[PDB]
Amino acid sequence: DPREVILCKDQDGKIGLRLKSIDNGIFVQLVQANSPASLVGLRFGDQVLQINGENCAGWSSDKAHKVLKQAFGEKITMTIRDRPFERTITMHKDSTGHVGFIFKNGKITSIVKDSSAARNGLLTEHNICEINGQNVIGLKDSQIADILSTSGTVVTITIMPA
């Protein structure tokens, strides 16, 4: 159920937020580290219904960008819907340390037959958002594979359709 977040711009503007048009809605696509957007709890995949009282419906990505650049510093209110697409799947590493899926650019592309991912019904064409809690958005595939390896048997992955 929607929430109202109040954000304040930093030194020279910039909320540290990249918005994207998807299905005539507006969604958070990137959250900068140590950003006013991250310090309030904004995450990749959160829907934005309202920016300073105004509806985002039908806004193109570049309109969403322009609207944010023109907002005044000490107050930027938004109506947010915490990751409407968010799903959380738990897997169990095998003898080789493998959970059972192939990924590319942070998106699951393949499911290994007879694996943990197959038993747990992990879906392809979904972005990996969090592994065990850590934000893996924007990370290179090698870094994601690293986090997966340095984790224990139970792997709590958070996926979202792409």
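We number the residues from 1 along the sequence you see.
- Averaged over Cα atoms, the B-factor as recorded in the entry is higher for 9-17 than for the other of 135-143 and 9-17.
- In this entry, 31-39 has the higher mean Cα B-factor, the comparison being between 101-109 and 31-39.
- Per the PDB record, residue ranking by Cα B-factor puts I51 in the middle third of the chain.
- In the deposited entry, the Cα temperature factor of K66 places it in the middle third of its chain's modelled residues.
- For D114, the recorded CA temperature factor ranks within the middle third of the chain's modelled residues.
- In this PDB entry, the Cα temperature factor of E130 sits in the middle third of its chain's modelled residues.
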